[PDB]
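A single chain comes next, written as structure tokens; it is the form deposited in one PDB entry.
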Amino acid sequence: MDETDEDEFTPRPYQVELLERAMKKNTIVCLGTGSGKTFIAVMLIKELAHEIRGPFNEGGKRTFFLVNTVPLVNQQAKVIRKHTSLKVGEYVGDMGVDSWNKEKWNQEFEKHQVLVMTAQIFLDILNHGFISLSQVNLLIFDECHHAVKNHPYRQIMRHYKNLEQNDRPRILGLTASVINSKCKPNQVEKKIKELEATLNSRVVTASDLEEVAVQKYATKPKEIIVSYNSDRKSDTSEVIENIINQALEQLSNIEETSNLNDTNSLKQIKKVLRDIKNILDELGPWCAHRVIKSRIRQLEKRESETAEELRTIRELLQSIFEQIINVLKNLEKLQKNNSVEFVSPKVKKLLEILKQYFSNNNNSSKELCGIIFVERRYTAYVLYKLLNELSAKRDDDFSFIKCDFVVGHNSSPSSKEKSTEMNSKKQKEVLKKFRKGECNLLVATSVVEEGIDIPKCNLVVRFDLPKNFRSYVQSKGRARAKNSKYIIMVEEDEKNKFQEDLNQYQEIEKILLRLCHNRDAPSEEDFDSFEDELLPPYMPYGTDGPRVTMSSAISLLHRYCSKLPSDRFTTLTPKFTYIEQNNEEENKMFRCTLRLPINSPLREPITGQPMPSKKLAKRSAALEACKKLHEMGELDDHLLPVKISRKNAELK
């Protein structure tokens, strides 16, 4: 039954116009979400493909693609591979790319024609002298509105500025919302001018888009606001939260009265029980008890190695949680087979919304595909568990629900035994399952919120309020299919503030849509204007060799310290000490000092130059330490830590 579906792409007229304009000179493309900018980028890549066929040893060039997150790089690589005939490769941080030497990087450059990877990796390659910007043919900045202050985009731009104008590559950027944070309507012009100066380009908007052409293809859902109140609570729930409050009070009294071997341990206990209180308030007693038994398992793990006082505190906490369990036994909704009443009013409202949506779509032949957006990861995990349990209960109207979740990921040589784990392959598998149609619901954090082409959706639910203009715009634009719905859940007493914020957002959008028409080219004087480096970098082998920028000193120092062979449990870390002195002008002056662990050969402390701010003093001290360390003979030619073992140390 499967039929192949080639795109057989026929570009739309505004795409052709934008392609010509971008070919003429540097540009930034500003268009609404879902209007098809990735195909424009693909067309531009294909147009200039006659400069890539040459070998790399004889000065051949390559094309690069810059992306923020991992699902995005996978998806864009797949699209480019499908549409054109060139070879594409994808690089991320899972594979452990820093351990590679120069020869393997040269081989990788020789193998492919187009390279797609994250921005931080590109910065690392640029700094350590593996590649030079004179060999790049074209650069693409996905979501270019992130290049502000100290973001890695700005650092790469600083690298680009020094190069002579004879051999500078072309620049193209794609964005939908031009301003990152929230601001008054009077600062929009200043913000766009700053961005134009930073990226050394002018913004462009098609004349045909304003006339029908792109309105048909752009996505616009409907907005609905649903209100709930959390004051209305069950008396038993009030009793439980009062008991938890008095437990918090007595634990605080114990902390204030009883001395502690580690105050941070009881502070952690207090914050995790406050988290338990928050979980109860937001979700309900059953989810709280599930987290409580997970906590029970956590101290089952912990009791192998713990202190006596810490274990007594843990056991009195266990006693309190056990009393909570006996209180819940009287409220055994699952035993009573009526679990609808116990949940917090917010969860009840969400369930009512889902039921109404299913009732509406019962007549509709099309299936359902929805996304739920949550702020923190633990809430997402607990919500997924609860929804799966309700579906397994097999009641009247929850027999069709299938749920899964996606969050960020971590990796370590250690086991990291925990309830929540993630990996690149598992994340890709879940996304593929969602695309195919195995699951109908997805519970996600802000990882997938931006830029992901989602399967045709009908429903987006905001479990938490948007924080600024950009997040609101992107979350609105995530739904793609026709006749979509956008739903926001708001507490009763914050609805006026949310209303005024929505009005301000609409005004900002209206102003932005008009200001971008018929703009003027930027001036190179502003490009020469921006300069935040108070101290020049450290270049031992010349301008084109390796460098250690002021911003990257501390990370390199900590990497060297971590690579030092020592005990597994002990994680060595340099110690910092700040001394403040007042100058003749009575201005604030900061001088920092540094020390190293006794394992490293460098015994003597190192002192940096005085700086107006504490962070600047710390950076200066780190830079001086790095220069001295290289002078002594630790770091190798490429200015990265040497793979030195005990035998290597003995030989040297």
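The first residue of the sequence shown is number 1, and the count goes up from there. Definition used throughout: the rigid core is the maximal C-alpha set that superposes within 1.5 Å between two forms.
Omitted from view is the form deposited in another entry, to which the following refers.
- Only one of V148, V490, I131, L535 has its Cα shifted by 2 Å or more between this form and the one not shown after fitting on the core, and that residue is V490.
- The Cα position of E309 differs by 2 Å or more between this form and the one not shown after fitting on the rigid core.
- For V116, a C-alpha deviation below 2 angstroms is recorded between this form and the one not shown after rigid-core alignment.
- Comparing the forms between this form and the one not shown, the C-alpha position of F398 differs by 2 angstroms or more, with the core used for superposition.
- Shown here is a form in which the CA atoms of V212 and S35 lie at least 3 Å farther apart than they do in that other deposited form.
- One change in that other deposited form concerns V212 and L174, whose Cα atoms lie at least 3 Å closer than in this form.
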